[PDB]
Amino acid sequence: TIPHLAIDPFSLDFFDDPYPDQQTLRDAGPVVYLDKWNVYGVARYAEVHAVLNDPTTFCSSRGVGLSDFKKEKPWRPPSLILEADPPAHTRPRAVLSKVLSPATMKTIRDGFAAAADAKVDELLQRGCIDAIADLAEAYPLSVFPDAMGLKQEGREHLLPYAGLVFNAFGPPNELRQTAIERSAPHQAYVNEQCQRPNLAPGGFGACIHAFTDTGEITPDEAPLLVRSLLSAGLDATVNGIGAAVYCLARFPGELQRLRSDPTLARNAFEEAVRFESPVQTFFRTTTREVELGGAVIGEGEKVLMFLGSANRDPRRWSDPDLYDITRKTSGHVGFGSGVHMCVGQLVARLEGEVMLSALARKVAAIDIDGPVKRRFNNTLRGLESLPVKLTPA
Ligand code: HEM
Ligand SMILES: C=Cc1ccc(C(=O)O)cc1
Ligand SMILES: [Cl-]
């Protein structure tokens with residue numbers, strides 16, 4: 001028997017403090033039913049990991065949001081990677097893997113790190129800053145659009161579009177419908193920048209379009225793959241870096257450990273991704289009747305995976321609610337897991353690592369010195385405003 005809960009995981013009260021409700025979801029049973037939206041829910045690490053690693057049964061091509069693409073028209077053309085199952089997912093996935101490859105990271109790392117150091121220096125000259133707008137947003141905005149090969153004009157559309165995308169995975173609540181109402185200009189800009197002539201030589205987009213002659217993708221698939229990078233490539237890392245700075249501000253002992261050994265930067269970022277889980281949730285749809293956690297789930301059912309809860313499951317993690325920069329983080333699902341596991345994770349980890357290295361070498365203290373404001377999104381967890389004072393080393 002599967003327990004029925006009335007918790008709305010997409011309510012503003014849930015977003016404000018999801019951890020008690022995530023414990024209630026976990027402790028109710030391995031599989032729950034959320035009556036509010038008529039979906040199954042999995043909040044423990046084990047069931048989330050199992051669902052993510054069974055794309056045949058728990059598919060993505062009927063949408064990874066609440067909407068079932070077999071029942072409703074998608075709000076935009078389906079992503080050729082995120083909203084695709086194998087085998088159609090495989091070759092676009094490969095192209096994106098080679099575009100955001102170790103070699104590409106080697107080409108861009110010196111500039112990403114230089115830009116992170118310069119940003120921390122500028123903020124240190126300012127002293128009191130907003131760690132969201134002036135850091136978590138400003139740094140990825142300073143490196144990622146250029147690495148894409150985007151022109152300067154119209155970049156102010158990138159964060160709104162992203163927010164829209166992440167709101168659109170949610171249920172048809174006020175956040176989602178409001179997002180879609182305001183979507184037209186951001187959609188117009190983003191779809192336009194996806195065309196080959198609009199992507200500067202040597203950038204991620206130009207490389208995607210250059211990969212259109214190997215038999216893995218065709219030229220008509222390249223704009224949508226550039227669209228994938230313009231959908232996920234900025235906002236997720238904004239909330240990851242914001243998560244990390246929020247953690248270092250809340251856990252000064254961990255900031256002191258990070259200063260003492262800056263080579264912990266990468267893991268300090270990885271732990272942040274586990275601790276806050278900026279991408280909180282994703283859906284799957286059952287392609288057949290399946291037994292999961294002793295519960296029978298019929299065909300065509302939406303299954304809501306709580307990635308943040310899975311990353312705080314005490315069945316899997318010791319002291320899951322502590323931020324520990326030397327934690328063995330391998331296995332967390334903040335980047336997903338399986339065939340869809342974040343293809344841009346090397347970029348995200350590069351940005352987070354070099355930013356946290358900059359803070360580790362340059363900043364003595366991070367003190368919250370203003371009202372903290374949360375940003376509400378159906379899929380992303382993160383702050384709207386994080387006022388901090390940076391004491392230089
Ligand atoms: C802290 C930063 C990030 C987090 C937490 C994050 C999270 C995730 C998660 C959980 C998934 C799995 C989706 C699923 O299983 O349905 C995913 C997939 C994906 N992410 Fe990331 N992401 C981040 C950064 C990035 C970046 C920087 C890029 C591109 C430059 C990117 C592009 C993508 C794409 C294209 C997919 C689809 C992968 C696939 O379906 O095979 N993401 N991301
Ligand atoms: C992880 C978020 C995400 C959003 C959009 C896409 C896409 O548009 O393919 C991929 C990942
Ligand atoms: Cl679009």
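Here, residue 1 is the first one in the sequence, and each next residue gets the next number. When a ligand or atom number is given, it counts from 1 through the structure's own listing order.
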Q.
Using a 4.0 Å cut-off to any heavy atom of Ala348, which atoms of ligand 1 qualify?
A. 2 (C), 24 (C), 27 (C)
Q. Does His89 have a non-hydrogen atom less than 4.0 Å from ligand 1?
A. yes
(Q) Return the closest protein heavy atom for atom 9 (O) of ligand 2 as residue, atom name and distance. (A) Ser79 OG, 2.4 Å
(Q) Yes or no: does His340 have any heavy atom under 4.0 Å from an atom of ligand 2? (A) no
Q) Touching ligand 1 at all, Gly334? Heavy atoms, strictly under 4.0 Å? A) yes
Q: Would you mind checking which non-hydrogen protein atom is closest to atom 10 (C) of ligand 1, with the distance to 0.1 Å?
A: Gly336 N, 3.2 Å
Q | Sub-4.0 Å heavy-atom approach of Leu234 to ligand 1 | A | no
Q: Counting heavy atoms only, name the option from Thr379, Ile81, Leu82 that's nearest to atom 6 (C) of ligand 2.
A: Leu82
**Q.** Protein heavy-atom partner closest to atom 39 (C) of ligand 1 - residue, atom, separation in Å
**A.** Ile81 CG1, 3.2 Å
**Q.** Nearest-neighbour protein heavy atom for atom 30 (C) of ligand 1, which is reported as residue plus atom name and distance
**A.** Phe144 CE1, 3.5 Å
Q. Are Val51 and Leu66 linked, directly or through other ILVMFWY residues, by side chains that come within less than 4.5 angstrom of each other?
A. no
Q | Nearest option to atom 22 (N) of ligand 1, as decided by whichever heavy atom of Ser79, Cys342, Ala84 sits closest | A | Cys342
Q.
Which of the numbered atoms in ligand 2 are under 4.0 angstrom from any heavy atom belonging to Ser228?
A. 7 (C), 8 (O), 9 (O)
Q. If you count the atoms of ligand 2 from 1 in the order shown, which ones are under 4.0 Å from a heavy atom of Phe166?
A. 2 (C)
Q) When you look for heavy atoms under 4.0 Å from ligand 1, do you find them on the side chain of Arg93, its backbone, both, or neither? A) side chain
Q.
So for ligand 1, is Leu229 a polar contact partner (N or O within less than 3.5 Å, distance only)?
A. no
Q. What atoms of ligand 2 come closer than 4.0 angstrom to any heavy atom of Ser231?
A. 5 (C), 8 (O)
Q) Of all the heavy atoms in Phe204, does at least one lie under 4.0 Å from an atom in ligand 1? A) no
Q | Which residue and heavy atom of the protein sit nearest atom 29 (C) of ligand 1, plus the separation | A | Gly233 CA, 3.6 Å
Q. Considering only heavy atoms, which of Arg349, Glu83, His340, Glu351 lies nearest to atom 12 (C) of ligand 1?
A. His340
(Q) Between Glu72 and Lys302, does any NZ, NE, NH1 or NH2 come within less than 4.0 Å of an OD or OE carboxylate oxygen? (A) no
**Q.** Under-4.0 Å heavy-atom contact with ligand 1, by part of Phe335 that carries it
**A.** both
(Q) Can you tell me which residue among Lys373, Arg375, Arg374 is in a salt bridge (charged side-chain N to carboxylate O under 4.0 Å, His left out) with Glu384? (A) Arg375
Q: May I ask you to decide whether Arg91 forms a salt bridge with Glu216, counting only side-chain N to carboxylate O separations under 4.0 Å?
A: no
(Q) I'd like to know if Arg62 pairs up with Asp68 as an ion pair, taking the criterion as any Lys NZ or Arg NE/NH1/NH2 lying under 4.0 Å from an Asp or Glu carboxylate oxygen. (A) yes
Q: Measure up the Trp37 and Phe10 rings against each other and bin them: parallel (under 30°), tilted (30 to 60°), perpendicular (over 60°).
A: perpendicular
(Q) Tell me whether the rings of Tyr323 and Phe275 are parallel (<30°), tilted (30 to 60°) or perpendicular (>60°). (A) perpendicular
(Q) Please list the nearest protein heavy atom to atom 8 (O) of ligand 2 with its residue and the distance rounded to 0.1 Å. (A) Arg76 NH2, 2.9 Å
Q. What protein heavy atom is closest to atom 32 (C) of ligand 1, reported as residue, atom name and distance in Å?
A. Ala232 CB, 3.4 Å
Q) For atom 11 (C) of ligand 2, which protein heavy atom lies nearest, and how many Å away is it? A) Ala232 CB, 3.5 Å
Q: Would you mind listing which atoms of ligand 2 come within a distance below 4.0 Å of any non-hydrogen atom of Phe282?
A: 1 (C), 2 (C)
Q.
Whether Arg284 engages the ring of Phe58 as a cation-pi pair (distance to the six-membered ring centre under 6.0 angstrom, angle to the ring normal within 45°) should be assessed.
A. no
Q: Between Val339, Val343, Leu82, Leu230, flag the one that comes closest to atom 34 (C) of ligand 1 by a heavy atom.
A: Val343
Q. Backbone, side chain, both or neither: what part of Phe335 comes under 4.0 angstrom of ligand 2, heavy atoms only?
A. neither
Q. Hey, is ligand 1 close enough to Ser228 that some N/O pair sits below 3.5 Å?
A. no
**Q.** Candidate pair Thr107 and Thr104, rule side-chain hydrogen bond (donor to acceptor under 3.5 Å, both in side chains), full reasoning
**A.** CA-CA 5 Å; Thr107 67; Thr104 295; 5.1 Å; no
Q) Between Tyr45 and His49, is the gap from one ring center to the other below 6.0 Å? A) yes
Q.
Is the shortest side-chain heavy-atom distance between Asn167 and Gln177 below 4.5 Å?
A. no
Q. Between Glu192 and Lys151, is the closest basic N to carboxylate O distance under 4.0 Å?
A. no
Q.
Quick check against the 3.5 Å criterion: does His332 have a side-chain atom that pairs as donor or acceptor with the backbone of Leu307?
A. no
Q) Identify the closest protein heavy atom to atom 23 (C) of ligand 1: which residue and atom is it, and at what distance? A) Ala236 CB, 3.4 Å
Q. For the side-chain contact (heavy atoms from CB on, under 4.5 Å) test, which of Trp75, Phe166, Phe169 pairs with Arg176?
A. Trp75
Q.
By the definition side-chain contact (heavy atoms from CB on, under 4.5 Å), identify the one residue from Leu150, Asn191, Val165 that meets it with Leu230.
A. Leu150
**Q.** Partner of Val388 under side-chain contact (heavy atoms from CB on, under 4.5 Å), chosen from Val372, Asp367, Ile129, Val363
**A.** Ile129
Q. If hydrogens are left out, which of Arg381, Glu276, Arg284 has an atom nearest to atom 16 (O) of ligand 1, that is, the closest non-hydrogen atom?
A. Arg284
Q: State whether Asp319 and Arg327 are salt-bridged, where the test is any N-O pair (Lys NZ or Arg NE/NH1/NH2 against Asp/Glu carboxylate O) under 4.0 Å.
A: no
